[PDB]
Amino acid sequence: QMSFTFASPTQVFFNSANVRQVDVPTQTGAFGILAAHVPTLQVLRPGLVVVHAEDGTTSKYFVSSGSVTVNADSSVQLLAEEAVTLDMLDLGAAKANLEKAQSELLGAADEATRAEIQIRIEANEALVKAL
Amino acid sequence: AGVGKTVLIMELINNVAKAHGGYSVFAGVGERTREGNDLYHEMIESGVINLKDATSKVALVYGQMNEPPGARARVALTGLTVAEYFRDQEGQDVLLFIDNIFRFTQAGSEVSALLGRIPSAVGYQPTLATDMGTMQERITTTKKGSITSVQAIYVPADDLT
Amino acid sequence: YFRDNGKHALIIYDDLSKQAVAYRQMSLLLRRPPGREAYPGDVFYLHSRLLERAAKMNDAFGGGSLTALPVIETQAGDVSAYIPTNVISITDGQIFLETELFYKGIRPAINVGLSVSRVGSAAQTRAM
Amino acid sequence: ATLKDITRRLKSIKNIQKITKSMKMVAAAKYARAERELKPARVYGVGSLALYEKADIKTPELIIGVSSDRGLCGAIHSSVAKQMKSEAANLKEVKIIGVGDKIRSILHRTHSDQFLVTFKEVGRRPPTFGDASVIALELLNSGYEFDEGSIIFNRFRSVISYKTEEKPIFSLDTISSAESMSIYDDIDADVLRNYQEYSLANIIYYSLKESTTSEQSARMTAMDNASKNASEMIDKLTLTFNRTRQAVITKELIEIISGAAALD
Amino acid sequence: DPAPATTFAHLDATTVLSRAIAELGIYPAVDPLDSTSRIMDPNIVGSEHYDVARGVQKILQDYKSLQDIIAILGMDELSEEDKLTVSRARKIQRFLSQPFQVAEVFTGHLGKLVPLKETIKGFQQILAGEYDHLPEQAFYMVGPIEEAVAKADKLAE
Amino acid sequence: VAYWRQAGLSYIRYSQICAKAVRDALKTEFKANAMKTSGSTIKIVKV
């Protein structure tokens with residue numbers, strides 16, 4: 001099983017809670033680490049975090065970032081820089097953001113800036129996932 | 001001050017002197033005639049004084065500030081004297097509401113000076129202790145009644161040392 | 001007179017402190033024992049009868065009044081002072097005035113907290 | 001001295017007292033808040049270290065310490081000040097980081113150079129993770145690269161207690177890239193750094209929050225203490241007062257009368 | 001009070017005993033800050049004595065100064081050298097406590113006579129910080145400073 | 001990704017842009033609450 005530790009600095013949602021699996025859009029990938037799982041560090045992308053809680057319930061989240069930390073053990077810890085439950089997120093904006101984003105990227109000359117946009121684009125998109 | 005002070009007092013009269021078949025005396029030493037006036041109406045109102053009884057339940061004896069000292073000075077003693085009748089003779093548990101020994105104390109001393117007496121320390125009448133002693137000792141429960149004494153205490157300077 | 005003629009009079013005794021001084025002086029010179037703070041005792045009495053003479057007359061007296069507005073000038077706020085203590089015990093409140101506000105501008109500059117109306121309030125105005 | 005003086009004191013002392021409470025409760029309130037925040041945080045920083053010390057962490061073969069802006073919150077700050085000052089000789093590039101603006105002259109004056117950064121607004125408005133990231137980000141993007149590293153903060157233990165805590169900081173990504181650590185890795189030098197990173201912010205935040213929280217309580221305490229202290233003290237004085245006060249009074253009547261109306 | 005007030009003129013040495021010192025149970029119970037002799041002076045008593053004393057007089061004095069703050073307000077709003085002096089002053093304090101041989105009835109202690117050097121030296125040492133890591137009770141009810149050290153050791157368990 | 005990560009950019013920066021983009025995200029008052037997290041005031045002392 002997994003002690004799933006789900007937190008952002010700001011909010012701790014599940015804490016070593018007997019969750020079955022979390023499929024995690026780590027920048028690393030989306031993988032569904034169930035239970036324990038070898039030491040691995042995977043850094044959290046923005047995506048949505050789907051917390052297959054050992055009970056057929058899955059809580060939804062958007063994760064923005066952070067890292068999930070994969071112990072060897074059962075306890076797996078998403079420490080998402082930002083992790084929010086999808087509940088509070090905003091399509092009107094998601095699109096809206098995306099438009100803008102896409103507008104900005106274009107002038108966001110230089111990889112970093114572009115990036116910042118792109119990140120953002122990606123972000124809005126990744127919201128757009130859920131939105 | 002007047003925090004239903006009087007009211008409370010009236011209520012107390014009610015609670016005991018009624019309940020237990022007590023008696024009350026009110027000695028107004030150095031008060032405001034006005035407030036006593038008010039009090040009158042309060043007393044009427046309260047029915048601890050009835051205008052229908054000149055034997056209601058409370059004697060008001062007043063020796064307000066406007067008197068010369070002696071009168072104010074004596075008005076407690078006077079009252080005490082009544083209450084002693086009432087105590088012994090009338091066998092009663094007198095409630096003796098005393099307003100206000102401080103002003104009394106003050107009054108006493110006023111003459112001490114002016115009597116050319118030396119009022120003892122801090123200005124206060126040298127006999128302060130004995131006047132008190134005798135007074136406080138005038139108060140008691142005898143084989144007859146009690147003069148259970150309720151004394152308004154103005155607290156000089158919130159100080160009392 | 002007015003008080004007894006239903007007429008509502010206001011006497012402002014402005015100020016009794018100086019009077020007291022004078023009075024004390026008077027006693028002392030009369031040899032006549034003074035007292036506290038070198039002041040005579042029945043300077044209280046003096047004023048007590050006076051101030052008792054400021055009162056609100058009933059209807060028999062035409063409903064008149066003589067309202068007394070004593071003035072005491074705080075001498076560095078001192079009130080502890082015998083006569084003020086007297087007076088304090090006599091009054092129907094005292095209306096404490098404070099400088100700081102005045103200096104703040106804040107004029108009125110009062111210290112309300114220190115201002116008191118022992119009674120005043122059976123004599124206001126629902127509006128208010 | 002004379003009642004005056006005494007009062008001058010008294011007067012002011014209450015004022016103080018009052019003030020002392022003012023500072024106190026405000027802080028206590030802050031404290032209340034501080035507790036709250038500590039929840040996600042608690043986890044969060046604790047997490048970082050339970051990776052780091054899910055395994056354990058080591059050195060090759062830097063320090064950072066953090067505290068408030070103001071004193072009068074105990075000597076909370078002095079403790080980190082102390083404990084980083086102690087360190088440095090051994091190192092292995094040397095840097096110190098003191099975040100703190102108490103650690104600023106209790107430490108930015110020694111390592112006022114060997115400091116890498118210092119942050120202000122170290123408390124005195126509520127710091128957050130954002131700040132931890134802030135302080136994190138550029139720190140990386142620095143030229144003092146990380147050799148050794150410990151994070152010293154006041155680890156709160158309960159309001160009543162903190163112990164200036166220390167952690168190891170091994171941002172140096174060859175700690176991560178090495179040892180058993182690499183064997184607990186099971187995935188590349190990106191996330192390595194980018195966790196080392198990420199976790200650094202978490203701890204930074206955490207550590208900071210523990211610190212500040214400790215501070216927050218320590219200021220409360222300091223402000224507490226005083227307002228009590230005052231109270232007792234008043235108590236004595238107020239007598240001393242009276243005493244002289246009547247002493248006077250009485251005594252003057254003497255001089256006035258019979259003392260000088262002895263016959264006068 | 002006028003009487004004592006007068007008296008001083010007629011004196012040559014004043015021993016003012018401190019109710020506080022006394023109250024600290026310290027016996028000597030002195031108000032050392034007015035147990036004096038005009039005939040304190042390096043000129044007379046040699047400066048060593050004098051100076052040491054002045055250093056002490058001072059030390060206490062400074063210490064004295066702090067007291068008003070600390071009284072409600074503890075430390076750390078003070079420097080630790082101030083602490084040192086405080087402590088030293090305190091050691092010294094205790095060192096003035098020098099048991100009473102006579103009043104074993106009161107003390108149980110046997111009291112000490114301190115030949116002067118142990119005194120001059122004594123303080124010079126404390127001042128020297130030579131004592132400044134000992135338990136303060138070491139000085140408490142001792143006469144000669146060595147004994148304070150001896151007493152220290154055992155007080156240090 | 002790497003257009004940022006290999007724009008270097010602190011992982012923090014990434015993250016923080018992400019997160020910031022989250023802060024950017026959110027609805028109504030929720031989005032108000034964003035600013036909490038972006039306590040980031042932290043005066044820039046720097047030696």
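Residues numbered from 1 in each chain as written, not as in the entry; some residues may be left out. Chains lettered and ligands numbered in written order. Part of a larger assembly, values for the part shown. Heavy atoms only, no water. Residues with missing side-chain atoms left out of burial classes, pairs and counts.

As documented in the archive entry, the model was determined using cryo-EM at 7.40 Å resolution.

Draft legend 1. Quick look at the overall build of chain E. Broken down by element type, chain E carries 7 helices and 2 strands. Order of helices (α) and strands (β) in chain E, N terminus to C terminus: α-β-α-β-α-α-α-α-α. Over its C-alpha trace chain E gives a radius of gyration of 16 Å, about what one expects of a compact globule, namely 15 Å for 157 residues. Along the first, second and third principal axes, the C-alpha atoms of chain E reach 50 × 40 × 35 Å. Considering only contacts within chain E whose residues lie at least 6 apart along the sequence, 45% involve residues at least 24 apart. (Helix = DSSP H or I, 4+ residues; strand = E, 2+ residues; numbered from the N terminus. Rg over C-alpha atoms; globule rule 2.2 N^0.38 Å. Contact = heavy atoms within 4.5 Å.)

Draft legend 2. Looking closely at the overall build of chain C. Scanning chain C from N- to C-terminus turns up 4 helices and 2 strands. Listing each helix as α and each strand as β along chain C from the N terminus yields β-α-α-β-α-α. Along the first, second and third principal axes, the C-alpha atoms of chain C reach 55 × 45 × 20 Å. Counting contacts in chain C only where the partners sit at least 6 residues apart, residues at least 24 apart contribute 52% of the total.

Draft legend 3. Broad picture of the packing of helix α5 (residues 189–196) of chain D against helix α6 (residues 198–256) of chain D. Residue and element names in this part refer to chain D. At a minimum axis distance of 3 Å, the contact between α5 and α6 shows a crossing angle of 15°. Considering their axes alone, α5 and α6 lie roughly parallel with respect to each other. Judged by residue contacts, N194, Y195 and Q196 of α5 engage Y198, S199 and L200 from α6. Among the residues forming the contact of α5 with α6, the class breakdown is 3 nonpolar, 3 polar and no charged. (Axes fitted to C-alpha atoms, helices over the stretch in contact; angles between N-to-C directions. Parallel < 35°, antiparallel > 145°, perpendicular 65-115°, else oblique. Nonpolar A, V, L, I, M, F, W, Y, C, P; charged D, E, K, R; others polar.)

Draft legend 4. Spatial organisation of the interface of chain F and chain D. Contacts between the two partners involve 9 residues from chain F, matched on the other side by 11 residues from chain D. The class makeup of the residues in the side of chain F that touches chain D is 4 nonpolar, 3 polar and 2 charged. Here strand β3 (residues 118–119) of chain D pairs with strand β1 (residues 44–45) of chain F via 2 bridges, running antiparallel. Residue pairing across strands places D:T118 opposite F:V45, the latter belonging to β1(F). (Pairing = 2+ DSSP bridges.)

Draft legend 5. Fine view of helix α1 (residues 11–24) of chain F. Counted at 1.5 Å a residue, the expected span for α1(F) with its 14 residues is 20 Å, and the 18 Å between its end C-alpha atoms agrees. Just beyond α1(F), the residue with positive phi is F:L26, at close to 100°. (Expected span 1.5 Å × (residues − 1).)

Draft legend 6. Inspection of the interface of chain D and chain A at higher detail. Counting residues at the interface gives 5 residues for chain D and 7 residues for chain A. Of the residues belonging to the side of chain D that touches chain A, the class tally is 3 nonpolar, no polar and 2 charged.

Draft legend 7. A look at the sheet that holds strand β2 (residues 58–63) of chain B. Residues and elements named next belong to chain B. What the 4 strands build is an open sheet, ordered β2-β1-β3-β4; its pairing is parallel. Both edges of this open sheet fall to β2 and β4 (146–152), since each of them pairs with a single strand only. Looking at each pair of strands side by side, their axes are set apart by 15° on average, direction ignored. Two elements, strand β1 (residues 23–29) and β2, share 6 bridges in a ladder whose sense is parallel.

Draft legend 8. How the structure looks around the pairing of strand β2 (residues 12–19) of chain A. All names here are of chain A. Summarising the sheet, strand β1 (residues 2–7) and β2 pair through 5 bridges and their orientation is antiparallel. When the sheet's bridge partners are listed, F6 is paired in β2 with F14. In sequence, β1 turns back onto β2 through a hairpin of 4 residues.

Draft legend 9. Layout of the environment of D:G130. By secondary structure assignment, the location of D:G130 is in helix α3 (residues 129–140). Distance in space between the C-alpha atoms of D:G130 and D:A260 is 78 Å, their sequence separation being 130 residues. With residues up to four places along the chain from it excluded, the contact list for D:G130 reads F:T37, F:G39 and F:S40.

Draft legend 10. Spatial organisation of unusual backbone geometry. Residue and element names in this part refer to chain C. Here the amide bond leading from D14 into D15 is cis, since omega sits at 5°, within 30 degrees of zero. Mapping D15 onto the fold places it in the loop between β1 (8–13) and α1 (16–29). The step from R107 to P108 runs through a cis peptide bond, and the omega angle for that step is 0°. Residues other than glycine seldom take positive phi values, yet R31 does so here, at roughly 90°. Structurally, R31 is set in the loop between α1 and α2 (43–52).

Draft legend 11. The arrangement of the chains, seen in detail. When the 5 pairs of chains in contact are compared, the highest contact count belongs to chains D and F. The two units chain B and chain D never meet; even their closest C-alpha atoms stay 5 Å apart.

Draft legend 12. Expanded view of the environment of B:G30. Residue and element names in this part refer to chain B. Summarising the element assignment, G30 is placed in the loop between β1 and α2 (33–46). As for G30 and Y62, which are separated by 32 residues in sequence, their C-alpha atoms are 7.6 Å apart. Apart from the residues lying within four places of it in its own chain, the contact partners of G30 are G63, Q64 and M65.

Draft legend 13. Spotlight on the sheet that holds strand β4 (residues 151–158) of chain D. All names here are of chain D. Read across the open sheet, the 4 strands follow the order β2-β1-β4-β5; overall the sheet is mixed. The open sheet has two edge strands, β2 (98–99) and β5 (161–165), and neither has a second partner. In terms of strand pairing, strand β1 (residues 64–66) meets β4 through 2 bridges, oriented parallel. Looking at the pairing, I64 lines up with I151 of β4.

Draft legend 14. Examining the packing of helix α1 (residues 3–52) of chain D against α6(D) more closely. All names here are of chain D. In contact at an axis separation of 8 Å, α1 and α6 are set at 155° when each is read in the N-to-C sense. Regarding the angle of α1 to α6, the classification is roughly antiparallel. The chirality of how α1 crosses α6 is left-handed. In this structure, α1 uses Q17, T20, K21, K24, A27 and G45 to contact α6, whose residues at the interface are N202, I203, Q216, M220, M223 and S227. For the contact of α1 with α6, a count of residues per class yields 4 nonpolar, 6 polar and 2 charged. (Left-handed = near helix turned anticlockwise from the far one by under 90°.)

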